[PDB]
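Structure, as structure tokens:
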Amino acid sequence: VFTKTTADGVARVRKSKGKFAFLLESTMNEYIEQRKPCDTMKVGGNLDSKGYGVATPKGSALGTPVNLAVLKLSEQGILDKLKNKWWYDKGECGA
Amino acid sequence: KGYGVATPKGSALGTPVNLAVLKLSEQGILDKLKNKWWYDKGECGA
Amino acid sequence: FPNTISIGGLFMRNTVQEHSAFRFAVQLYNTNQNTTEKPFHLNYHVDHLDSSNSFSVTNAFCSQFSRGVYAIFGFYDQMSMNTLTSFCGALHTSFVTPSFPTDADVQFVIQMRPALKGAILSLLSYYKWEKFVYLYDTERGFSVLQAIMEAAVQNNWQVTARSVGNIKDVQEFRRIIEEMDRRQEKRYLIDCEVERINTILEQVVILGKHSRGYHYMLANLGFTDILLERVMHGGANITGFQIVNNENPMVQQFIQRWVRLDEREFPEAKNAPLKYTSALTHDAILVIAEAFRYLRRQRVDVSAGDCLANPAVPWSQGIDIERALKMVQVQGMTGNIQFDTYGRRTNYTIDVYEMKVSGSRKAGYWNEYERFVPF
Amino acid sequence: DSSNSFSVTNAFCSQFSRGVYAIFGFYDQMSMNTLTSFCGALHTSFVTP
Amino acid sequence: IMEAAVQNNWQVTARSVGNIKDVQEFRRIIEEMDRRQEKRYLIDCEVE
Amino acid sequence: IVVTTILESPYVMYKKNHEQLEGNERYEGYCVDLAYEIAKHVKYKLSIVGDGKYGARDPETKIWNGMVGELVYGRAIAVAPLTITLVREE
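Chains F, C, A, R, G and Y, in that order, give the protein sequences. If you count by the deposited numbering, then the first sequence holds residues 685 to 779, one letter each, in order. If you count by the deposited numbering, then the second sequence holds residues 734 to 779, one letter each, in order. If you count by the deposited numbering, then the third sequence holds residues 2 to 304, 309 to 380, one letter each, in order. If you count by the deposited numbering, then the fourth sequence holds residues 51 to 99, one letter each, in order. If you count by the deposited numbering, then the fifth sequence holds residues 149 to 196, one letter each, in order. If you count by the deposited numbering, then the sixth sequence holds residues 397 to 438, 441 to 474, 476 to 489, one letter each, in order.
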């Protein structure tokens, strides 16, 4: 049941006629849910909690400015509008 | 949003506390505590 | 064949135990009662060098050459290697030495110290050391450094080489270690002297760079002369190389008869661990005795002037003595002893020791053909 | 030849036996010690650039 | 240079290049110096 | 400033006619926009990681690959879907 690539798992889900379910990261599931032919969906809640971060070398002079910049972008709603832009505004399955 | 464990600036406990939080996250202890105090002690059931 | 052969000895500073082993080995050969084992008497003329004044080194070498010797056992360092090697090669006088093997292919000198190059390369290949920090000094030659560079080029390694020979401040060592840990370097190959290795280990202990996540490969014979207790208690992997086996019956007998010697007559013997250079000295005495016994057996006519003669005519019996010294196959305290045409050891086994918290354990052995058969 | 200490010693001793008041010459990192020691021990000056 | 650096509190990246025979080692040294944003070089080496 | 990223939609993409495009203008996606905003707040040059991996430690040789290895060994900031994990945070 393990697949070599995510695309293989998505194709297996689509061709199994409902007899295969793929376990994958929620972000990529939500992205694939907005792509043609619009025949897959995300069900249930997340099984754990993870976060994507911006990474810098240990001891870098950019670590604190980058952390503060990410925080500013979070409270200005820019992260949310970027995710909306690249997931749903450019989605090809509609709202 | 997120909840964090706060520490004074430049304190020696910041890195150990951050690593401890991450390692509790990997082991599933944080989710276990969340379930224990939200649903195990819940008054409504499933 | 002469009834009494006299050799020369060139001992530099901090060679008290080596001199004691030399005297004890000559005495052991002399006190043998078997006529076949002792067909001649062996004498020695011992001189102490300075290693910083080439004039004094040349004076001692020429005094030994003028008094009349058939071979010259001795030690050299980076400051006295060239003079002794060149004089021995030009005057056709054999130089049996436990010191580091010469980088260049030169004649009339027998370096019976097995090269760590092959063992180090085999251990790097076996341990998957595709990225490590090579801390080296040039006090024992450039063969190991050149071999590491060539192996890195061929195998596409990620060796970061640092020359710590000229470092005189421990803060430089601490800065180097901190910088290397910033890049997540967990493997260190330290090809340095015993004292420099001790200093580096003290610095890694001070910085706490000795937990179970670090591996240190000490590329230096003399694994028993390195202070390793604190690093052992830390839990870091330690790999070392040795040439003397304590379970060898010959070594056991030598130690049994060696720790029962008068301190005032054999200094640094009883209340002192046996250095591998002492074993090399004893095996060199064995090699010289075997070679001259072979020369007597074949009825080879062997039987002095001044160093600086123009033209410098060599005494013709040196070729036969060198050939006899380079064909010996003898079992000594370091195991099998054979030499090639350049006087370097062949068929030598280097014991690889892995050291853990319980103690040092013999992880295996390396040979030129079997290529580090594990245990 | 600086790489051969025997040749350096031969040259220096030939010049010394010939009879000189000073030696002008060059030394490398290998032949510096030999020439310096021989000049300082025989009380003969060595002028070097 | 070392005594002046410890006395005057300098940041000197000391590298011995006298045992280097491959020019790729020089290339790597220059690249890793530039990645640290090093602009000033003191080269005490032979003419070659 | 070298910004290491990984080609994974919708985070980093090639634009449709990136043959005529050059530099950073041949890239599109969430992480390109995020790097632009971060650069405004805090100059750079996107560098798609060569091996195409996120970053992991080899158990045998202890070498970091991917973007984490690009950061550790001084070759690159990493604006990409890189999960925050205990092993990486060290």
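Every residue gets a Cβ at the ideal spot worked out from N, C-alpha and C, and that includes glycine.
By the Cβ rule, the segment 269-283 of chain A does not count as touching the segment 345-361 of chain A, because fewer than three pairs are nearer than 8 angstroms.
Contact note: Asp732/F reaches chain C through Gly761, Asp764, using a C-beta cutoff of 8 angstroms and chain order. Annotation: the continuous beta strand (DSSP E) that includes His49/A extends over 42-49.
When only Cα atoms are considered, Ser758/C and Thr724/F end up about 30 angstroms apart. Nearest to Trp158/G by C-alpha distance, out of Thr351/A, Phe2/A, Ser53/A, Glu173/A, is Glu173/A.
Think of a sphere of 8 angstroms around the beta carbon of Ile461/Y: the chain A residues whose beta carbon falls inside it are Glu131, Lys132, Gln159, in chain order. Not flagged as an interface residue toward chain A: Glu488/Y, since no C-beta distance is shorter than 7 angstroms. What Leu469/Y touches in chain C, judged by beta-carbon distance under 7 angstroms, is nothing: the nearest beta carbon there is about 18 angstroms away. Chain R has no Cβ within less than 7 angstroms of the Cβ of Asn167/A. Take the alpha-carbon of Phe56/A and the one of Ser81/R: they are about 12 angstroms apart.
Between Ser144/A and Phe377/A, the CB-CB gap reaches or exceeds 7 angstroms. Nearest neighbour of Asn83/A by Cα position, chosen from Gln65/A, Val58/A, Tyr71/A, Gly10/A, turns out to be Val58/A. At least one beta carbon of chain R lies nearer than 7 angstroms to the beta carbon of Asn83/A. The C-alpha of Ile178/A is placed about 48 angstroms away from the C-alpha of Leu92/A. The beta carbon of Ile397/Y sits closer than 8 angstroms to those of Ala435, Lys441, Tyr442, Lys443, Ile476, all from its chain and outside the five residues before and after it, given in chain order. With a minimum length of 4 residues, the unbroken runs of alpha helix (DSSP H) contained wholly in the segment 131-186 of chain A fall at 144-156, 171-183. Judged by DSSP secondary structure, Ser445/Y falls within the beta strand (DSSP E) whose first and last residues are 443-446.
Comparing C-alpha distances from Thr98/A to each of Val206/A, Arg350/A, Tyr370/A shows the shortest one belongs to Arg350/A. In the DSSP secondary-structure assignment, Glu404/Y is bridged to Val408/Y. Residues of chain A whose Cβ lies closer than 7 angstroms to the Cβ of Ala61/R do not exist; the shortest such Cβ separation is about 10 angstroms. Note that the segment 235-249 of chain A touches the segment 206-221 of chain A; at least 3 beta-carbon pairs, one per stretch, sit closer than 8 angstroms. Considering only beta carbons, the part of the segment 698-711 of chain F lying closer than 9 angstroms to chain Y consists of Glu709, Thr711, in chain order. With respect to the 7 angstroms criterion, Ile207/A and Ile198/A are not classified as neighbours on the basis of their beta carbons. The beta carbon of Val70/A sits closer than 8 angstroms to the beta carbons of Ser7, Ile8, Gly9, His46, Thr94, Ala309 from its chain, once the five residues preceding and following it are set aside; these are given in chain order. When DSSP states are grouped into helix, strand and coil, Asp192/A belongs to the strand group. Distance from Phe25/A to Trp320/A at the Cβ level is roughly 30 angstroms; contact not present, criterion being Cβ atoms closer than 8 angstroms. Note on geometry: alpha-carbon atoms of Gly472/Y and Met150/A lie some 22 angstroms from one another.
Put simply, the CB of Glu424/Y is far from chain A, with every gap to its CB atoms at 7 angstroms or more. A distance below 7 angstroms between beta-carbons, with the five flanking residues on each side excluded, links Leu430/Y to the following residues of its chain, in chain order: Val478.
In terms of Cβ geometry, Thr400/Y and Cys427/Y do not form a close pair [threshold 7 angstroms]. Only residues of its own chain outside the window of five on either side were considered, and among them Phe88 have a CB closer than 6 angstroms to the CB of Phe62/A, listed in chain order.
Under the 7 angstroms criterion on CB atoms, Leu746/C is classed as non-interfacial with respect to chain Y. Within 8 angstroms of the CB of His437/Y, the CB atoms of chain F belong to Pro749, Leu752, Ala753, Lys756, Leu757, in sequence order along the chain.
Taking 9 angstroms as the upper bound on Cβ-Cβ separation, chain Y lies near residues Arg183, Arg184, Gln185, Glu186, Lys187, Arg188 of the segment 165-194 of chain A.
In this structure, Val134/A sits away from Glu203/A, with a CB-CB distance that is not shorter than 7 angstroms.
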